[PDB]
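Novice: Just dropping in an experimental structure and the matching sequence.
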There are 4 protein chains.
Amino acid sequence: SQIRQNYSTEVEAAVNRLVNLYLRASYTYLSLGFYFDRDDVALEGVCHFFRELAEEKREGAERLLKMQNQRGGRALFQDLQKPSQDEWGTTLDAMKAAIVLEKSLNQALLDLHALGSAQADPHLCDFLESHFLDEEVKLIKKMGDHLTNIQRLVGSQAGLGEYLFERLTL
Amino acid sequence: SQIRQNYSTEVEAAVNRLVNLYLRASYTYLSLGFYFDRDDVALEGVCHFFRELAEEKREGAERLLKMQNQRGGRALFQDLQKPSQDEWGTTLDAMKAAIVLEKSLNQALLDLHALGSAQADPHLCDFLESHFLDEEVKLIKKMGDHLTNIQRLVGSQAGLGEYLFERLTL
Amino acid sequence: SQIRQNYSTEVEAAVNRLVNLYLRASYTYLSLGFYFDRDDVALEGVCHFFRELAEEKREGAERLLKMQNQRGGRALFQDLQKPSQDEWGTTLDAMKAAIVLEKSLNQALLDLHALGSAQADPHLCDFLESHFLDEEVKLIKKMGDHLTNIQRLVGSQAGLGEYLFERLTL
Amino acid sequence: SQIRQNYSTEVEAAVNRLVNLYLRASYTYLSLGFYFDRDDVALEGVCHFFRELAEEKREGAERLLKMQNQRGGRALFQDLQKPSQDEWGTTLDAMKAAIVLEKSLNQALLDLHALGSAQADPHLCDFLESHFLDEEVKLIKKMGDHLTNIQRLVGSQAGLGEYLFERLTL
């Protein structure tokens, strides 16, 4: 491409697997969203938390793809994996799977940043910094807050903690 | 009647028993409404839920009767039955009786739709679809949500779940 | 599920494959969107057409899943397939693949409607009618309009037709 | 200077040659601007594209010089070179020379960023990132879009593509 500059073939490919992970994640959030809208869960606020997330992750991957073109990279598509479970258990378990999820997402950006500097690509590095690493770490903090509060509430009487959580946090 | 068209005598009659069930239901909702406003219950939000319902069901039966005339059918009136119980127990029990209630109501429309197509009456079929089947299924989902949440809250300590339910859902 | 009524196990499963096709389609639209934003295509209006579509299809599948829960069905997830090609050729070829795409989507609803009536499920039938079959057929008309206009423009001088198309239709 | 900190003599000098290139570029844009306003070209939109650019590049160099002082560096001035040609040919050729131009500009920032990290100067690195590398890559994408569209239009009938381009892109 006549507009590409200092954008390594390694970076291009690695970005695209990052693209795939974000989209996998959005789709994983969808599944979770509608799991807590199963009548035998029925917690609107949990659903509403995860609704906003399905929108969030997709917005990032589009952001990336905008940049992909800006650097003159090629989008490469492969299948987007199904979520690993059908039932997510209690909210405690659901938020736990959410947290493994965001961990890996930050991991991916981290490893892509590090690849970026070992390949001497400074634009790519700042792009990640501006719109992404920051969203992640704000959101991770928030998730953590939730999880610790969740556990401190379940220990006593299971359903009660769960209900007040949905109603009164979200 | 010179305005009636393709409206079988069977349909006419079966509509009217549907009319009767909706009105029975509105009146059943009234009884429930004022049961939870008994001082030895006293849960405004439960009362308020059921107040809106007594208005809802009557509104449907009027809708039907509007259509009865539109098709040139005859309203036929019989006694409207009293609710089957005087005390509705805990909110758990009340919402359960509400749910048997809406089930039968959807049943009635379903059987009337099916009668409609075995009698080749397409207007009637769409009428049910537009203003009714849809309200039912939205409302059924909602009831279900409530019931599952109710049960998950009672198990621990009876009154507490019941209070937070009324306050914090409705 | 305690809220489910007259919703066959066949319907449940068939809906879910419809869910999968809509989501496959949204993701197929994404790939197309960013293909025409490749610098060696660069047609904002084509991109903008397909951007709105990626949002449209996902909106439908969410609609469906709303209904899935409303009927007390279970979401079932499998992998969501990658688009079948990496380059979409000229706009002529791209819009052609778009059109195969919408055809199959209407097909799926059609077959699901017909399954619906062979299984005597009238709610499901009207649901498809209200929010879906209609969007499809409006959108198909529109696509068709585009394609015929596209072909009538390319025959003469290839790039010129393509540019005026993007600029002056979209 | 009593306010300077961790700002190498190499960086200072290299910044100033970057200053010179931006200013050279603004002045190169001026020449191009007025070339397409030659009556025997006369394409307002091309002129208007390049008018905005002459303002853009100068705005950057001022930005830099602001930072020069902020770090306690010394502005160093040398002659600012004339554009390399008097006639820019067709718009195809003009945009091509524009694109060589922006390439070198991003090159300069890249090499200055890399000099920055081999000299361990982290403020300088982020400064480039915030107000510059980003403008470049947005603008490069845009130029590219133009050029590809330009070529796809000229091949057929030369003047026609050129006119519709000026009118209907810009």
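Specialist: Okay, I see it. Residues are numbered from 1 along each chain as shown, chains lettered A, B, ... in the order given.

Novice: I'd like to know how many residues surround residue A:144.
Specialist: 13 (other Cβ atoms under 10 Å in any protein chain shown). Every residue, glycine included, has its C-beta placed from N, CA and C.

Novice: can you confirm it is in a strand?
Specialist: No: using DSSP: H, G, I helix; E, B strand; the rest coil, the assignment for residue A:144 is helix, not a strand.

Novice: Quick check, it in contact with residue A:99.
Specialist: Yes: at 7.4 Å, residue A:144 and residue A:99 qualify as touching, with contact defined as Cβ atoms under 8 Å.

Novice: Residue A:116 touches residue A:11, doesn't it?
Specialist: Yes: at 6.7 Å, residue A:116 counts as touching residue A:11 under the criterion of Cβ under 8 Å.

Novice: Those two - which one has more neighbours?
Specialist: residue A:116 (23 against 18).

Novice: which ones are touching the nearest residue to residue A:2 once chain neighbours are set aside?
Specialist: Among residues not flanking residue A:2 along the chain, residue D:144 sits closest, at 6.5 Å (Cβ to Cβ, 6 or more residues apart in numbering or on different chains). Shown in contact with residue D:144 (Cβ atoms under 8 Å, 6 or more residues apart in numbering or on different chains): A:1-3, A:72, C:39, C:42, D:99.

Novice: tell me the contacts of residue A:17?
Specialist: Counting by Cβ under 8 Å, 6+ apart, residue A:17 makes contact with residue A:108.

Novice: Can you pull the residues of chain A lying near chain D?
Specialist: Contacts of chain A with chain D, taken as Cβ under 8 Å from any Cβ of the partner chain, map to A:1-3, A:5-6, A:69-72, A:120, A:122-123, A:126, A:129.

Novice: how about a cut-off of 6 Å?
Specialist: A:3, A:70, A:122-123, A:126 (Cβ under 6 Å from any Cβ of the partner chain).

Novice: Please flag which of those sit within helices.
Specialist: Counting by DSSP state H, the part of these found in helices is A:70, A:122-123, A:126.

Novice: ok, back up a step: quick check: of the residues of chain A next to chain D, which lies closest to chain B?
Specialist: Nearest to chain B, judged by Cβ to the nearest Cβ, of those is residue A:70 at 44.5 Å.

Novice: Now do that closest one: how many residues are near it, please.
Specialist: The number of residues packed near residue A:70 is 22, by other Cβ under 10 Å.

Novice: Can you pull out the residues in contact with stretch A:123-139?
Specialist: Outside of stretch A:123-139, the residues within contact range by Cβ atoms under 6 Å, 6 or more residues apart in numbering or on different chains are A:63, A:67, A:106, A:109, A:113, A:116, D:129, D:133.

Novice: rewinding a little: using ChimeraX, define a selection of the buried residues within the residues of chain A next to chain D.
Specialist: The buried residues among the residues of chain A next to chain D can be selected in ChimeraX (16 or more other Cβ atoms under 10 Å in any protein chain shown) with this line:
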select /A:3,70,122,123,126
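
Novice: Spatially, which pair of the residues of chain A next to chain D is furthest apart? Let me know, please.
Specialist: Greatest spacing in the residues of chain A next to chain D, by Cβ to Cβ: A:3 and A:126 (18.7 Å).
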